[PDB]
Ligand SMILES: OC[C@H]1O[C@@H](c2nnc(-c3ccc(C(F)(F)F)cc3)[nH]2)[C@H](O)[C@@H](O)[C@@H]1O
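Okay, so here's just one chain, in structure tokens, the form solved without the named molecule.
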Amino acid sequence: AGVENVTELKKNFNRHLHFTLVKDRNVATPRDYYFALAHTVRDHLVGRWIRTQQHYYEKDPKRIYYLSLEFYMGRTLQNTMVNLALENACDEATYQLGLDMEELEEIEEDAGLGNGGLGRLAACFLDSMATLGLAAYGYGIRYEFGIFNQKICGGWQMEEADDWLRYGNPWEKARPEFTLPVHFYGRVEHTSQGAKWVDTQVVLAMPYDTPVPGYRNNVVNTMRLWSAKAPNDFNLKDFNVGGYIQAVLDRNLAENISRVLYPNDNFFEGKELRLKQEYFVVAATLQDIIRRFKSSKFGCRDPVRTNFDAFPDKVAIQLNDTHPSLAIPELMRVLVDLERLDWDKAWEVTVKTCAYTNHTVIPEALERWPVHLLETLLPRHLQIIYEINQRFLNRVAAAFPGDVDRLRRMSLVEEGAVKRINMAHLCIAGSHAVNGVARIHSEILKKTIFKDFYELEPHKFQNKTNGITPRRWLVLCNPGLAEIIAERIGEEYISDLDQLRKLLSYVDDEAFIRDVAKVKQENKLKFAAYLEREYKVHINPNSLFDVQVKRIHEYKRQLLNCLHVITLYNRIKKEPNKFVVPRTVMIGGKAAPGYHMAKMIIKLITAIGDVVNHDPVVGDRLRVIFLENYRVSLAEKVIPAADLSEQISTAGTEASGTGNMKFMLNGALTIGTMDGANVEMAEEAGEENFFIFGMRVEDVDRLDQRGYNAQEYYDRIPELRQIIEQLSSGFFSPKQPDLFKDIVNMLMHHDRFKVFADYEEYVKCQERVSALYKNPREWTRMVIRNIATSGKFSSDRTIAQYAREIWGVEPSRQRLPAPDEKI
């Protein structure tokens, strides 16, 4: 609240219902009400957005361009209000108008533009870059369809189109006026001055901008996402008859480029359509960059010629994964072919400008494009690429004289009866810095897959542990919590998570301990109920909520959790009159369509729940639930409500993880392996304050050396063995005896993740979990140790690191002056 402001907001809300929506109070739906509030908050954002940009114009700082094919933003309304601090007023304002804001918020559809970790990261970054006063821009694609809505039918995932712009998107701003052409196909003509790319087919890239407000600093940066539009004539040009009408219809072909996001996480699919997406983002983006460089305070900058030598002094391009790797030869192409810079000079520039982040070591996720694909779609780019390789291999050669295998190993070109380009090698070669996202990940990169690279240029490899935004991930989703903490230490911690440590002072503090546990129960009650309203639940609120939410994958080992769960059901069924800690096990996440195994997995979960939830001997005791359509908005409701976070990837598979960090801040204890960021988390909180288990990296490696035999486990562990037979015999699929005989085969003959090898220790560590939960006060003190020690995981420390060690910029906590415009 605060009366004038409240007077204002009520006024504007009324103005947009009428004017903007063209609706009357006798006809508006909560949906209209939603949109009316959105447009009121949005106004509060314009002057600042305009000012920020104006500011960068004449202030001309180095700019950071964050290129990503994914921006997994979720809802924007709550988050803009938090950031603008309008939350209470909006609340009052809507109270008096009589509306239930929280009810309005649920009407907002998520902006589901990514698949999971990589895209959520990009979204946290932007908020961190904005909160830190950097002149940064996120560039992506405006997909008409984000990641699909996941439906569960008869136990199976059914995918339906995420029609996110149906009702409109109040936060973006079409910028048809800044549409630029993108070229595809054609042929090259090396002639006189040099090479020309001709008889190409053109697609227009049209930008849409979305504001990204920093935490109460009067800063609003931009997220520019391109939309594909077909040119107006070929699409009726050429000698080009064949139907006037059909030619008009044929525009689809072309606009198809930004139609939908490829729904694969940590999986590479060599489809032309994806490659066009990657080229399109990059080509349009680079023009914008160049445009901005040349027109800026250089706007004048008369005579070198037009200088690029200063390029790296004013621009940084960050490659989120190899997705946008084409930015490398695209920058060379332009500099060279269009700007007429000598290779040497341009390469230098490129290097100093580009930086690449690796997100995984899984071989199947790596991008290796068939050259036949490139040759065709981007002939000039393959030429450039061959060129880089040459020059690149001439450098190794010199360094490791005679080392003939190394040459073959580091080549960007994989000759092999399907000659491919390794996108990762192109990226290291063309960038001044390469970082892993977790120190362990970073260490393994340099010890293995990129060993050769490191040896050639140690100086290029860095580490930048990932983070999460305390705004969305604490303040927005768990206000009870932020509150109880604020009471104690106040608020400077929302933009300085580190101060959470002063929290160690209340571990032994009883009013504290009761608050912490109390907010935790409330969250729980709010989740249980939501469960019911929105579906059919009847979940046990005074049960340990054990949640595993992330994309479904073999490496994630939702299966091991599945094993845990049947064991539990099995012990119970064996000695049912015995008291055990009640638990509500929740698992959710999406599987890419066609990742047969991921689909099999979900079904298996549903299968267990079908059995477990209908056993009268089980009672209150065990509940298994598959959480349908997990995405940003769902994560905001379930995370704050959980007690135990399952982060159990086979050590060395999960590069960092971030769901990781979200649970730590909302007070859940973590059960996990020493993989990714869990290593650092445990590190910061103390190993006694985490439920660690299983093999470490060296362990895995030592087993692989031996050769892994699941038969041995099966053979040596009765419990495990019985689960098998039950999976195998139709225990969980009556109708269809052999339904899961597939997971069995895999578990038994080809489990690349050695599920069985960490089973015994996992079940054992889980008992320890249960033991601690029976002692409330003790479970809460530990949790306190987790919350207290989470500040290192804010995306603000992360961004501060990138800024300083790669971008060469300085974050500011400084507030843009910026109210507005009156006269």
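From 1 onward, residues are counted along the sequence shown.
Separately, the form solved in complex with the named molecule exists; it is not shown, and the next lines address it.
Enquirer: With the partner left out here, if you bring back the named molecule in the entry with it bound, are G117, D265 and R274 all within 4.5 Å of it by some heavy atom?
Expert: All of them do, each having a heavy atom within 4.5 Å of the partner.
Enquirer: Of the options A651, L121, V516, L622, which one has a non-hydrogen atom that comes within 4.5 Å of the named molecule in the entry with it bound?
Expert: It is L121 that has a heavy atom within 4.5 Å of the partner.
Enquirer: Find the only residue in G694, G112, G657, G138 having a heavy atom within 4.5 Å of the named molecule in the entry with it bound.
Expert: If I apply the 4.5 Å criterion carefully, the residue I get is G657.
Enquirer: Taking the shortest heavy atom distance, is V437 within 4.5 Å of the named molecule in the entry with it bound?
Expert: Judged by the heavy-atom cut-off of 4.5 Å, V437 is in contact with the named molecule in the entry with it bound.
Enquirer: Classify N466 as contacting or not contacting the named molecule in the entry with it bound by the rule of any non-hydrogen atom within 4.5 angstroms, answering yes or no.
Expert: Yes, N466 lies within 4.5 Å of the named molecule in the entry with it bound.
Enquirer: Although the partner isn't part of this model, could you tell me whether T360 comes within 4.5 Å of the named molecule in the entry with it bound, counting any heavy atom of the residue?
Expert: Contact check for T360: yes, within 4.5 Å of the named molecule in the entry with it bound.
Enquirer: So in the entry with it bound, does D796 come within 4.5 Å of the named molecule, heavy atom to heavy atom?
Expert: Contact check for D796: no, nothing within 4.5 Å of the named molecule in the entry with it bound.
Enquirer: Choose from 352 to 360, 710 to 718, 604 to 612, 496 to 504 the stretch whose residues reach within 4.5 Å of the named molecule in the entry with it bound, heavy atoms counted.
Expert: Contact criterion met by 352 to 360 only.
Enquirer: With the partner left out here, which residues of 308 to 323 have a non-hydrogen atom within 4.5 Å of the named molecule in the entry with it bound?
Expert: Heavy-atom contacts to the named molecule in the entry with it bound: only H323.
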